[PDB]
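Engineer: My questions all concern the structure below.
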Amino acid sequence: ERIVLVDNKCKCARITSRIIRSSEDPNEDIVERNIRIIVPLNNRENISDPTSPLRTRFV
Amino acid sequence: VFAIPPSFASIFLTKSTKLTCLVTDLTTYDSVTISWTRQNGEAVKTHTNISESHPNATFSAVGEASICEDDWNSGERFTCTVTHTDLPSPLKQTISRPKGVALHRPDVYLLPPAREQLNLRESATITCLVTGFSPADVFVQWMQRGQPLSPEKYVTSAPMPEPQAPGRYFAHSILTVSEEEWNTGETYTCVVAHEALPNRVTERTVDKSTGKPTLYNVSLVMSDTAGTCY
Amino acid sequence: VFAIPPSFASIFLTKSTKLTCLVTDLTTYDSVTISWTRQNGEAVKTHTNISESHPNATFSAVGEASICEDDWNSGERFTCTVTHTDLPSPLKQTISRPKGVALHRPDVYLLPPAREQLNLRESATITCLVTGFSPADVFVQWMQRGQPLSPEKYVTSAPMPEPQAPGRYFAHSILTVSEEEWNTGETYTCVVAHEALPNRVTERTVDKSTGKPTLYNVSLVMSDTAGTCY
Amino acid sequence: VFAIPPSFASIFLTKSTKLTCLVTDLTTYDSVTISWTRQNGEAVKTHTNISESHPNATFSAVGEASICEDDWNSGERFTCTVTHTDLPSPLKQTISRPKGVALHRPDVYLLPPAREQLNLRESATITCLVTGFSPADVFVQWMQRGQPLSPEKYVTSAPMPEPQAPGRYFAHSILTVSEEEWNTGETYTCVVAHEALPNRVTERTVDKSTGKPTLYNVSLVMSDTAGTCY
Amino acid sequence: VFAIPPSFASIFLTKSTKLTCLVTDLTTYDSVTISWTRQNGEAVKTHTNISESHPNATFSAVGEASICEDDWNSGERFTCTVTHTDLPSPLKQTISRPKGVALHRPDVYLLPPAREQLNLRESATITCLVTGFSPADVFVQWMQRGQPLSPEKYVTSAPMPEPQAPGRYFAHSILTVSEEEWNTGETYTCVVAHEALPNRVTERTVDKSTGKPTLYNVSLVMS
Ligand SMILES: *[C@@H]1O[C@H](CO)[C@@H](O[C@@H]2O[C@H](CO)[C@@H](O)[C@H](O)[C@H]2NC(C)=O)[C@H](O)[C@H]1NC(C)=O
Ligand SMILES: *[C@@H]1O[C@H](CO)[C@@H](O)[C@H](O)[C@H]1NC(C)=O
Ligand SMILES: *[C@@H]1O[C@H](CO)[C@@H](O)[C@H](O)[C@H]1NC(C)=O
Ligand SMILES: *[C@@H]1O[C@H](CO)[C@@H](O)[C@H](O)[C@H]1NC(C)=O
Ligand SMILES: *[C@@H]1O[C@H](CO)[C@@H](O)[C@H](O)[C@H]1NC(C)=O
């Protein structure tokens, strides 16, 4: 039931949202936001230029 | 007396430019003149397209003239002459397109129903905040799962000027849905049509799963050998 | 003489039920004997500061009878007694609080501004959603920190019929504020004046942080040993 | 006389402004001429259900007399000239609103119950710390989701002088409620009735989820060869 | 006459079971004919602290008697027993502490100042919420870092009846401090003195630190 909110394969961020059916009353069901971000430790700042310096800041 | 113009709601939803003035039943008259006369003077013919059905209902009719040319979009001094022998003063009304109004695109915000409102478990009011549009006329329709919702489900306000903005307007659209629909996560889409929009229609959608989250769980997997995403 | 009755918003801003028999539909003429008389058979001190002559098919003498809240809601059929040359009889229009209206309290919900509005960083629109109230007499005013904002800063729509409910009404009132003011965190109270409220005033409040904690569950996974698979 | 002017609890709770002309320790004899007057000498509505012939042989008469809000707010000093056989001199009551009092707004803070009392699992005492009102007349009322609670559930301290401000006063109002209600979370609003408030009601509410802040739990998974995939 | 009683607020502040006499609303001549006594007549001490004549034609013959708690809690009846020139007949008091009342310990809770007041930045009010004490005596004095604050700064309400408990009482005492003083982290310890306490003093501490919950819940995972 993980609906795919984004599936960005260029920054590797995947965001998925679900309503966790936690309790009997229909209000406190938590809207859960699953940000899954893969940080390439060795990819350069410009991926298409392999001589570019190492990407350190990942915003 | 009234002469309702074709707004951008009548222009876009129906794709038919209908000049309409409503003659309320002040007094019963046989030859009711709802002749839609141009500034040029030719009259596109209309007569009793639908009865008014007012509480008095004494020979009252609505005349809708389909001046559908570019002459309305360019602009002309269109006049329907409500001239009657009974109450012998002619109670006519003139309407023209408003000229040279600056065009700013609406910033459309979809507000989910309040946490206070869902605790009542009775109804949920979704608010479509169409604001920032400087041409006055706007068309707002709600859709759920790609099907147009009934116009009795939602009620949209008349555009009123935004307070801090000089001439930009704002409008609401309150969709009153039951709480069991919104808590199950049903997408309610706000389709809004305006002249200043680039594609002429903006669709904001809201539902419980997007909403505002109450538990972000983030996992910044810092892997050395990521390279390409998988 | 069309006497405009004192609306609840008018008697709430002034705290004095000043009912006005403004001389409408009667042109400028002599023989001014305007008096507001109570239905018991007496009259009070009436019409302080009547205006001058404006013969635009009307006049400008105003009723300014400072009767009380316990006087207006008592059901006393107040009649103004304007006489003029066109009609030498007191035009005793019956003005009183109607008892046929149902009395259902507003359910006032105060939706915070959308996250896009703060993301655009020029304006935030806090919308007060006064819904589910049966008499169409609501006065909405906003206070920042207990003192009222100016009426130019907020705009309140007219009470419109709630479509699913039979005779209940709804009304929405936005207040457009700067994004930097909302990010500091202020109370931004919406005060709703209505007859059917238990104390005639309800007040709702949204700060910058008005929801749940939204607890974060961040996980810096800083190895390839626990790196994910596809 | 045992009479009192209307303090700001019975004028506000009953919505109607009532005086008193109660007397005590007089002789149950002829000429019971209480003589309800105004400053202008006009007679207000007479006494209903006089408490005469007490079991302790004292004369009394409950001054049930309905008057407006404005005449008690204004400069009218309502004289109640009580004249009897044993006292032919009138026992005049110059009961009115005192003037010269500086109107200072209450700064109401709703203090949630302490963590130790919530850990006792028995009761929760929630405090309406009403402070800074210079006319020492507050009527605090506690409402749960718009429904006012019973006055047996909440008790309020009398208005006591403020420690570091001479003209201001303060008051409390604990609402002792069960802790199983507080863990669920209800609004528990406390309205305060004071003259200096712009709308005469300030409503402050607190439930369990107000002071709960954004509770991050970080999980630095820096080395874990368990084969898991995030 | 009004025989003023030794209350626990009056005893604990002066560390002496001091009882005064109050014979006011009388002719304001300066003649002293009062000796403080017991019912047996053995509590004989000075009739001092007679103030000046009140402007509304009344006298202020007060006097002061001090004895220990043992006799005051032993149930002995005490009498001022006035015999004055303007009194046609002598009066009697027979004053003692009402025994048989149940003793329930105060459960004092230090409610910190609300976030609405701290955002105002003008002042901060800390309330020592004393609840559940069945004898209607309390002595809520405030001390920070061991030194007692001035009685002008803190104000304690009278012990009101509890809304839901039948015979218990509650009291409410606030301490007005500046907002910058609360951010420094001063202790503001509330001291309550009531007889039902097992030790007769309870001190609770309220800081900026005790209100803040665990914001961060870092979970270091290895192997
Ligand atoms: C990233 O690297 C690529 C490859 O070096 C850059 O693309 C070249 O850029 C130069 C200068 O702008 C052009 O003359 C070439 O024609 C480009 N080649 C291709 C195949 O695109 C690119 O500009 C770099 N981007 C950044 C932001 O540095
Ligand atoms: C968020 O929590 C769920 C458990 O409901 C878990 O399966 C998921 O992996 C978490 N999200 C991320 C990005 O790790
Ligand atoms: C987030 O919390 C869920 C439970 O709500 C848990 O299953 C998951 O492992 C957490 N995510 C982490 C630790 O990354
Ligand atoms: C973080 O918090 C959630 C719920 O608050 C919990 O389920 C999860 O196990 C926590 N993370 C870790 C690593 O324990
Ligand atoms: C973090 O807090 C949650 C509850 O808020 C708790 O269940 C969890 O055990 C905590 N994390 C750790 C590592 O103890």
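Protein chains in written order, with my numbering: chain R, 30 to 88; chain P, 251 to 480; chain L, 251 to 480; chain A, 251 to 480; chain F, 8 to 230. Just so it is clear, CB atoms sit at the ideal spot from N, CA and C, and this is done for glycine as well.
(1) Roughly how many whole angstroms lie between the Cα atoms of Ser-281(A) and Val-294(L)?
(2) Residues of chain P with CB under 8 Å from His-354(L), in chain order?
(3) Is it a yes or a no for the segment 380–397 of chain P touching the segment 411–420 of chain P, going by three-plus beta-carbon pairs under 8 Å?
(4) Between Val-441(A) and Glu-431(A), what straight-line distance do the alpha-carbon atoms span, to the nearest angstrom?
(5) Give the range of the beta strand (DSSP E) segment to which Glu-453(A) is assigned.
(6) Can you list, in chain order, the residues of its chain whose CB lies under 8 Å from that of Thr-455(A), leaving out five sequence neighbours each side?
(7) Please give me, in chain order, every unbroken run of the beta strand (DSSP E) with length at least 3 that falls completely inside the segment 348–436 of chain A.
(8) From the beta carbon of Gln-414(P), is the nearest beta carbon of chain L less than 8 Å away?
(9) Nearest by alpha-carbon distance to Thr-329(P): which of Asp-320(P), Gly-291(P), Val-358(P) is it?
(10) How many Å lie between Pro-409(A) and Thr-460(L) at the Cα?
(11) So what does DSSP say about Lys-268(L), is it helix, strand or coil?
(12) With 16 other CB atoms within 10 Å as the buried threshold, where does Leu-425(P) fall?
(13) If you measure from the beta carbon of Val-273(L) to each beta carbon in chain P, is any gap under 8 Å?
(14) Starting from the beta carbon of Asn-75(R), find every residue of chain P whose beta carbon is closer than 9 Å, and list them in chain order.
(15) Taking its Cβ as the centre, do 16 or more other Cβ atoms sit within 10 Å of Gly-325(L), making it buried, or is it exposed?
(16) Give me the Cα-Cα distance between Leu-263(A) and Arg-104(F), rounded to the nearest whole angstrom.
(17) Count the other CB atoms within 10 Å of the CB of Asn-467(P); is the residue buried (16 or more) or exposed (fewer)?
(18) From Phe-252(A), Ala-253(A), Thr-267(A), pick the residue whose C-alpha is nearest to that of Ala-259(A); which is it?
(19) State the CB to CB distance for the pair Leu-33(F) and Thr-65(F), rounded to an integer number of angstroms; the pair is presumed to be in contact (CB under 8 Å).
(20) From this set, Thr-344(L), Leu-368(L), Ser-400(L), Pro-356(L), which residue's C-alpha is nearest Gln-367(P)'s C-alpha?
(21) To the nearest angstrom, report how far apart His-334(A) and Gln-343(A) are at their CA atoms.
(22) Is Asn-467(A) near ligand 4, going by C-beta to nearest heavy atom under 7 Å?
(23) Is the shortest distance between the beta-carbon of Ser-469(P) and the beta-carbons of chain A less than 8 Å?
(24) Beta-carbon within less than 7 Å of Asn-75(R)'s beta-carbon, same chain only, minus the 5 sequence neighbours each way: which residues are those?
(25) CA-CA distance, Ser-373(A) and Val-358(L)?
(26) Give me the DSSP bridge partner(s) of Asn-467(P).
(27) Which parts of the segment 14–81 of chain F are runs of the beta strand (DSSP E), unbroken and 3 residues or longer, counting only runs that do not cross its ends?
(28) Closer than 8 Å, CB to CB, is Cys-479(A) near chain L or not?
(29) Taking only three categories from DSSP, how would you classify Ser-346(P)?
(30) Applying the 10 Å Cβ sphere with the 16-neighbour rule, what's the burial state of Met-229(F)?
(31) Please name the residues in the segment 446–468 of chain P whose beta-carbon is closer than 9 Å to at least one beta-carbon of chain R, in chain order.
(32) What is the rounded straight-line gap between the Cα of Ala-352(L) and the Cα of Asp-320(P)?
(33) Kindly indicate the opening and closing residues of the alpha helix (DSSP H) around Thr-217(F).
(34) Quick check: what's the CA-CA separation for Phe-9(F) versus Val-30(F)?
(35) Can you list, in chain order, the residues of its chain with a C-beta nearer than 6 Å to that of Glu-314(P)? Leave out the 5 residues immediately preceding and following it.
(36) Look at the alpha carbon of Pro-340(A) and the alpha carbon of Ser-316(L), and state the distance between them as a whole number of angstroms.
Structural biologist: So, from the listed chains and residues:
(1) Taking the straight line from one Cα to the other gives about 33 Å.
(2) By Cβ distance, chain P contributes nothing, its closest Cβ being about 13 Å from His-354(L), past 8 Å.
(3) Under the three-pair Cβ rule at 8 Å, the segment 380–397 of chain P counts as touching the segment 411–420 of chain P.
(4) About 20 Å.
(5) Counting along the chain, the unbroken beta strand (DSSP E) around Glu-453(A) starts and ends at 451–454.
(6) Here the set comprises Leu-360, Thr-437, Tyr-438, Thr-439, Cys-440.
(7) Scanning the segment 348–436 of chain A for uninterrupted beta strand (DSSP E) segments of 3 residues or longer gives 359–361, 373–383, 391–394, 404–406, 419–421, 423–428, listed from N- to C-terminal end.
(8) True, the Cβ-Cβ gap to chain L drops below 8 Å.
(9) Put simply, of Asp-320(P), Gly-291(P), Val-358(P) the residue whose alpha carbon is nearest the alpha carbon of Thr-329(P) is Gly-291(P).
(10) Computed Cα separation, rounded: 31 Å.
(11) Residue state, collapsed to three classes: strand.
(12) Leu-425(P) comes out buried.
(13) By this cut-off, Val-273(L) is not an interface position.
(14) Ordered by position in chain P, no residue passes the 9 Å Cβ test against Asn-75(R), which lies about 15 Å from the chain.
(15) So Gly-325(L) ends up on the exposed side.
(16) Straight through space, the alpha carbons of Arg-104(F) and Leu-263(A) are spaced by roughly 40 Å.
(17) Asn-467(P) is buried by the Cβ-count criterion.
(18) If you compare the alpha carbons of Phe-252(A), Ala-253(A), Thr-267(A) with that of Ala-259(A), the shortest gap goes to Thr-267(A).
(19) Sure, about 6 Å apart at Cβ, within 8 Å.
(20) Residue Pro-356(L) is the option with its Cα nearest to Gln-367(P).
(21) Rounded to the nearest angstrom, the two C-alpha atoms are 15 Å apart.
(22) For ligand 4, at least one heavy atom lies less than 7 Å from the Cβ of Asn-467(A).
(23) Answer yes: the Cβ-Cβ gap between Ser-469(P) and chain A drops below 8 Å somewhere.
(24) Counting only residues of its own chain and dropping the five nearest sequence neighbours on each side, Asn-75(R) has a CB closer than 7 Å to the CB of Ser-81.
(25) The straight-line gap separating the alpha-carbon atoms of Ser-373(A) and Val-358(L) is approximately 30 Å.
(26) Under DSSP, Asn-467(P) takes part in a beta bridge, and its partners are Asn-63(R).
(27) Scanning the segment 14–81 of chain F for uninterrupted beta strand (DSSP E) segments of 3 residues or longer gives 24–26, 72–74, listed from N- to C-terminal end.
(28) With 8 Å as the cut-off, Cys-479(A) counts as an interface residue toward chain L.
(29) In this structure, DSSP gives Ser-346(P) a state outside helix and strand, which the three-state scheme calls coil.
(30) That one is exposed.
(31) Residues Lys-458, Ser-459, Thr-460, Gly-461, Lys-462, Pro-463, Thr-464, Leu-465, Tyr-466, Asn-467, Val-468.
(32) A direct Cα-Cα distance of roughly 50 Å separates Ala-352(L) from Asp-320(P).
(33) For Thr-217(F), the enclosing alpha helix (DSSP H) stretches over residues 215–218.
(34) Taking the straight line from one Cα to the other gives about 6 Å.
(35) Within the same chain, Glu-314(P) has close Cβ partners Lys-268, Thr-270, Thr-296, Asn-299.
(36) Rounded to whole angstroms, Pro-340(A) to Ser-316(L) spans 32 Å at the Cα level.
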